[PDB]
Amino acid sequence: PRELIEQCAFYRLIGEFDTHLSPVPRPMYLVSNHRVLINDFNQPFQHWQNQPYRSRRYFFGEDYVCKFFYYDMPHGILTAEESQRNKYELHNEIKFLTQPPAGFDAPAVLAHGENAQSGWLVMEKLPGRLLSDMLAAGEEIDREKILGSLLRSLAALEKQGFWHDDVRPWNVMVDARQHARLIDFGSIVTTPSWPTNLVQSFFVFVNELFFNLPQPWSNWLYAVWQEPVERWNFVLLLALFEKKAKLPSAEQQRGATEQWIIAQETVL
Amino acid sequence: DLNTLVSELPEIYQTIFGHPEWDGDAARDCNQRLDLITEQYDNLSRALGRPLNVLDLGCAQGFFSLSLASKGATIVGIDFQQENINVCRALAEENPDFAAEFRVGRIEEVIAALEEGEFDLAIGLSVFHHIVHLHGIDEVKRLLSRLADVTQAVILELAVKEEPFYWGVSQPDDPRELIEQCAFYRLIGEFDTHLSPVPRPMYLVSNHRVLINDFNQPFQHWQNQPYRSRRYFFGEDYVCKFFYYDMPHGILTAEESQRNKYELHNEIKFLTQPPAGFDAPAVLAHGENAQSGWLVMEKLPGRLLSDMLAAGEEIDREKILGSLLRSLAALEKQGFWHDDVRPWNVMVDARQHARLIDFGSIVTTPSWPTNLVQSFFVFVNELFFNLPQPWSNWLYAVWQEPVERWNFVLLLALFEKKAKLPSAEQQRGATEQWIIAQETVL
Amino acid sequence: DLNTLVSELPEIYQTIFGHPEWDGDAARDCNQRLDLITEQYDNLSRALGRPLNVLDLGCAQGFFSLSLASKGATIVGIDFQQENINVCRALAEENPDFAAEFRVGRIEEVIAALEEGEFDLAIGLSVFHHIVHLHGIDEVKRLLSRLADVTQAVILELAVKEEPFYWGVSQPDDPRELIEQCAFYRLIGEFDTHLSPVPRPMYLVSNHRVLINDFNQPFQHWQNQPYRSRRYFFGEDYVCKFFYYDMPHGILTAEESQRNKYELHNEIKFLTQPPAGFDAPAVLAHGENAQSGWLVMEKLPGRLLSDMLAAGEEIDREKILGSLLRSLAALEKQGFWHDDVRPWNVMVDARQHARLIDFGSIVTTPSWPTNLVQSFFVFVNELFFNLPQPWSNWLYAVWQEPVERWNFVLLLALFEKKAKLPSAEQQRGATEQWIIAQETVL
Ligand SMILES: C[S@@+](CC[C@H](N)C(=O)[O-])C[C@H]1O[C@@H](n2cnc3c(N)ncnc32)[C@H](O)[C@@H]1O
Ligand SMILES: C[S@@+](CC[C@H](N)C(=O)[O-])C[C@H]1O[C@@H](n2cnc3c(N)ncnc32)[C@H](O)[C@@H]1O
Ligand SMILES: Nc1ncnc2c1ncn2[C@@H]1O[C@H](COP(=O)(O)O)[C@@H](O)[C@H]1O
Ligand SMILES: Nc1ncnc2c1ncn2[C@@H]1O[C@H](COP(=O)(O)O)[C@@H](O)[C@H]1O
Ligand SMILES: Nc1ncnc2c1ncn2[C@@H]1O[C@H](COP(=O)(O)O)[C@@H](O)[C@H]1O
Ligand SMILES: [Cl-]
Ligand SMILES: [Cl-]
Ligand SMILES: [Cl-]
């Protein structure tokens, strides 16, 4: 029955009723093209979006964004594992944002709830554009300020025992002054050798943000690669990043592998 | 009387040759098509050294036929309407020295009856859409193939599906579908029909000759897929590379057309001004326009490396790599590199010496050229994970070099001394091997 | 290169923005449509106080889209042909400060995905006939309704069945059938397509605003059938009366169009120059042309009498008749009468005072006004055979008057003294009663 309504912006199952014709009940939906209608939060929105950058919908109102995740979707669309991951991410995001770590400016939470079909989170609306859009629409970016600001927030999370498992352009928002922040906390984790894998992906992130690294970014990465692995973490990544202009020149060394492994990773 | 014959025409489609009193009545003035067709007539007549035999299919009131007979052509015009042929014959009789014959008949049957060599040039202007409409696209492709098979050149004006009439619906998606089975084709103009704002393209087609205004020569074979926007024609001492920038259907994205354009342009620039220290194939002709570009080069002996690899032919990898590396090092010394050294860009002669044959990927400026040295390892590995000593020792030595030192001069010098280099398998290594093996998969 | 992209267009439908070398090749020059569309852009941009977001459906080579982005618009152009969008993007790149995006896609799917407020203006020029031809008229009406629902204004150029081609047969009888479900529409021009002598009409359509060159305002509701050639739009302090003189299908005979024309014209004349002693609603704007005429007036409180009668609402017939008679007597003193006093022309406010609201039937010269006094009796009777005392006594008194004395001053004076007049039922009467009862049937 959702095929008759899924073209509409907002919809939610609100009940199921016995018809007395048979044992099969009929679902009742609440639908709107103009408002978020959640029992605790009832507000106009002025635009919405399904595909970020179809089980997730975002509604934008004057000072809010409402993230609406379907756990229960029609047709094939979500496997059991995917619904549970929708459930897990939104749940995890609610937990983090309602109790954020000191030293980290997290977007504020205005409302939230979950049920069998879906879950939602209404947050303060942040200025800026999503990094992946800026990259796609070839907009001018300051990679230094983006990486610096992001690394600073990742190092502060790590100091409080938090990491983010999925640092990618579509999870990062860049404001007018080119400062960046994470905007999806579904992938935040609290416990674990580690966090070595995350440091590795962060190199890919870096490379995709630009094989492609000029000096002194390449020198930065080369320095990290010379570190024993038990020492890889975001505090180290940040400290080396801040001093990258002083670090020795990678191209003067045999290297050369860190470059090829991430280039293959960045393909992979 | 001519007056009566003209009046009995169901339509005065064309200008009545020599009789301008009907020019206002003619559906098409024909002067624009005639300007272009006479230019192509002259080119081909010049190339063959003699006046041509010309076939005019659906010749209507004879205008093209008479206009070419006027310039010394021997012409036969065919049309299935008696009224049209009556006018053509009456016009020929006013011009008794023109060698012009006309016959009532169907184009389908005439094409089946043609013999190779009988006509040098056939023209078919705005007639095949009628055959498409009644017999379908596949039969028309075969008719047009036979027409090309039996002549030296064909000129077609083809109606198109964008024309606003009901019969447009039966047309192919693109008029090139009727001709792309033929070996050589080029758009030579576009004409207003006076039926609508949609013009009809005119194509010059051949199954026997490259017909480019500057270069008009037989070819004895041709090839589309190397090792479909690129065609190669082989004549006695030439190869003509013909790239389409404008292709039908989905076929080329914007970026791909521009890359076809870029590569051919870049190749022309390099070959017309090659660097000293590099033997580049010689350039005989070249040009570009909105639809396509072409380059005619001297023909080189040998076989393409990728064919030899595919057809498991015997190869000397030492001589192939040595010769190629020597030419790459000489390019680099002149500030040139090749971005795409692969088996399908390399030709190997009878003495097992190799050279590059596609210069589309040549570049002049940039850390660098480190990436190219890396791919060259893949090339090496595909030419054979798979490296025996001392090739493996060579690669291991390169990998021990600081990266700012990677370049083709170094690659060549180490290659020449590879028998002296230390044994890679005696070292911890081992990674250079695994990175290229993963690269060579990737 | 642009050259290549243009050549690969199946058709150069439009002028290539900034590239006049193809203007001779373009099927349509676009300058005439652009003149009109830029005028409407400016009007709406002025009204909203800002540059607009514009959607261009079937944008082809981008000419309208680029031309409006040039004036500061933010535009999105949609077309289902890759070749067209490749050219649009290449043109936008030559003009990097234009806020212009282009996407390959189908109009049907884009319309379904639109959100209200995203675009202020949508243009759909010569594209919907393709959707009619494949999906039928009803689906196109719904698409166009949604387009109007989500924007402030829509401009359409619509192909028509009189065009001589095979697809004309699938078109509606009249292009207005695709839009007449929308609230507001006006013909703004007619354009030569260069396919035939039949021009295509351009309509300005809105589901949210009255869009008249002199008056551009939101409305919050509208109505066709009063109490279909007349439409009423209600905004905060206005009512806009919009009369079609030119209607599709059979709908208006020649006489009816002329009467629409006559009534609206007459109403404009009266209200712009009202008689002293009569409070007429104020006039905010007005105009007429070949197709239609409009009048924007101050909005009056109250309900239409005929609705109150139909919805059995409580009415004070004394106050209604008194107030109406008073205004009719004051008109008559200034040499004005109203030819059509009926419940649907009368509005009753909260204090039960009544006034006329349609002045189409006002007249200035003529035995007379005896007929009007007669109908006013029917009015009276329908407002209630049905007359109790003293209304019946009033009518009886009027009927005893010589006919040269019948007029609205007399009707009013007798009405005010009706409680004093002799009892009709005590007289032989009895006919005045039966004549109006038969009239009130008739
Ligand atoms: C549109 S006219 C084009 C005339 C002429 N080729 C020109 O372009 O000036 C098509 C002509 O082809 C002739 N025709 C059409 N189908 C034919 C067929 N199957 N065999 C012979 N003639 C044909 C018609 O009689 C007509 O004269
Ligand atoms: C006749 S042209 C009109 C072009 C342009 N609107 C103008 O009037 O100058 C129709 C255009 O609409 C496009 N088109 C037709 N049907 C379409 C559809 N269903 N969705 C998107 N584009 C469509 C065609 O590709 C073509 O560019
Ligand atoms: N708190 C927020 N403030 C502003 N935009 C947001 C917020 N959360 C998500 N978004 C936007 O949501 C859109 C797509 O969803 P997401 O995957 O959350 O980025 C992007 O354009 C983000 O910029
Ligand atoms: N100058 C040339 N001489 C001989 N063969 C050539 C020349 N240029 C290209 N080819 C051949 O063209 C064919 C396919 O096109 P290509 O991609 O150029 O190799 C191969 O069989 C090549 O050997
Ligand atoms: N100036 C006005 N103010 C308020 N309502 C009006 C005005 N003019 C017409 N109407 C309304 O228009 C509707 C139908 O059209 P009409 O035939 O003009 O009555 C009725 O509901 C009237 O009350
Ligand atoms: Cl066949
Ligand atoms: Cl044709
Ligand atoms: Cl249309």
Side-chain angles (χ1 to χ4, degrees), chain A residues 1-61 64-99 106-107 109-125 130 132 164-166 168 170-171 182-190, chain C residues 109 112-116 146:
Chain A
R2 283 169 291 186
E3 288 172 48
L4 300 177
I5 54 170
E6 76 195 355
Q7 76 290 359
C8 296
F10 182 86
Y11 76 87
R12 256 172 69 203
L13 182 72
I14 55 165
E16 233 132 20
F17 297 90
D18 187 351
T19 63
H20 300 96
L21 299 164
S22 84
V24 180
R26 296 182 175 155
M28 181 174 288
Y29 290 94
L30 181 60
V31 175
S32 184
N33 269 356
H34 295 291
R35 299 183 73 88
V36 173
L37 297 172
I38 286 167
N39 281 359
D40 192 19
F41 191 81
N42 186 314
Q43 293 291 332
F45 63 79
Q46 298 71 46
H47 59 89
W48 74 285
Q49 219 176 109
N50 199 335
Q51 290 153 45
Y53 56 119
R54 328 196 183 195
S55 65
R56 317 186 161 192
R57 292 177 182 216
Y58 304 80
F59 303 90
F60 299 79
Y64 76 87
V65 181
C66 173
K67 280 192 209 199
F68 203 92
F69 286 12
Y70 291 103
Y71 305 157
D72 172 346
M73 279 287 280
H75 312 111
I77 300 161
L78 301 182
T79 69
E81 206 182 358
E82 294 160 325
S83 317
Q84 215 153 318
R85 271 181 270 131
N86 264 7
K87 204 150 160 152
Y88 178 76
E89 295 180 349
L90 193 87
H91 191 80
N92 208 41
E93 182 166 309
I94 289 168
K95 191 166 192 235
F96 179 82
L97 290 177
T98 48
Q99 289 293 326
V109 177
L110 301 182
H112 64 89
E114 301 185 73
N115 68 21
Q117 291 79 224
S118 60
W120 55 90
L121 173 56
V122 185
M123 291 175 282
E124 93 182 283
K125 176 198 278 178
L130 202 70
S132 47
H164 190 295
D165 201 7
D166 196 27
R168 312 294 271 299
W170 48 91
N171 287 329
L182 296 161
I183 55 139
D184 200 82
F185 313 90
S187 278
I188 281 271
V189 298
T190 285
Chain C
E109 296 165 10
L114 288 174
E115 312 164 13
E116 175 158 2
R146 180 154 216 274

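Order of the sequence lines fixes the chain letters, A, B, ..., with proteins taken first and strands second; residue numbering starts at 1 for each chain.
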**OP:** Determine whether the side chains of A:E114 and A:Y71 contain a donor N or O and an acceptor N or O closer than 3.5 Å.
**Re:** yes

Original post:
salt bridge (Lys or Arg N to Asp or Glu O under 4.0 Å) between A:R56 and A:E89: does it pass, once the steps are laid out?
Top reply: CA-CA 11 Å; A:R56 317 186 161 192; A:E89 295 180 349; 2.6 Å; yes

Original post:
Which word best sums up how the rings of A:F10 and A:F68 line up, parallel for under 30°, tilted for 30 to 60°, or perpendicular for over 60°?
Top reply: perpendicular

Original post:
Is a donor on one side and an acceptor on the other found under 3.5 Å between the side chain of A:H75 and the backbone of A:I77?
Top reply: no

Original post:
Can you name the nearest heavy-atom pair linking A:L90 to A:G119, along with the distance?
Top reply: CD2-C, 3.2 Å

Subject >> A:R26 side chain to A:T19 backbone, donor-acceptor under 3.5 Å >> reply: no

Original post:
Donor-acceptor pair, A:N33 side chain versus A:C8 backbone, under 3.5 Å?
Top reply: no

Original post:
Short question: side chain of A:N92, backbone of A:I188 - any donor-acceptor pair under 3.5 Å?
Top reply: yes

Subject >> Verdict with reasoning, A:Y29 to A:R2, per side-chain contact (heavy atoms from CB on, under 4.5 Å) >> reply: CA-CA 9 Å; A:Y29 290 94; A:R2 283 169 291 186; 3.6 Å; yes

Subject >> Full working for salt bridge (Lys or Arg N to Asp or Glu O under 4.0 Å) between A:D184 and A:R168 >> reply: CA-CA 10 Å; A:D184 200 82; A:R168 312 294 271 299; over 6 Å; no

Subject >> Note, A:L121 side chain near A:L110 side chain (heavy atom, < 4.5 Å) >> reply: no

Original post:
Would you say A:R57's side chain and A:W48's backbone share a donor-acceptor pair under 3.5 angstrom?
Top reply: no

Subject >> Flag, side chain of A:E93 to backbone of A:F185, donor-acceptor distance under 3.5 Å >> reply: yes

**OP:** Please examine the side chains of A:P44 and A:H34, heavy atoms only from C-beta on, and report whether any two atoms are closer than 4.5 Å.
**Re:** no

**OP:** Give a yes or no on this: more than 12 heavy atoms of other residues, nucleotides or ligands lie within 6.0 Å of atom CD of A:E124.
**Re:** yes

**OP:** For residues A:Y70 and A:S118, determine if any side-chain heavy atom of one lies less than 4.5 Å from a side-chain heavy atom of the other.
**Re:** yes

Subject >> Centroid-centroid distance, A:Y64 to A:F41, less than 6.0 Å >> reply: yes

**OP:** Keeping the roles fixed (side chain from A:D40, backbone from A:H112), state whether a donor-acceptor pair exists under 3.5 Å.
**Re:** no

Original post:
What distance separates A:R85 CZ from A:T79 OG1, expressed to the nearest 0.5 Å?
Top reply: 6.0 Å

Original post:
Given side chains that start at C-beta, do those of A:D72 and A:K87 come closer than 4.5 Å, heavy atoms only?
Top reply: no

Subject >> Point-to-point distance, once rounded to the nearest 0.5 Å, from CD1 of A:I94 to CE of A:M123 >> reply: 10.5 Å

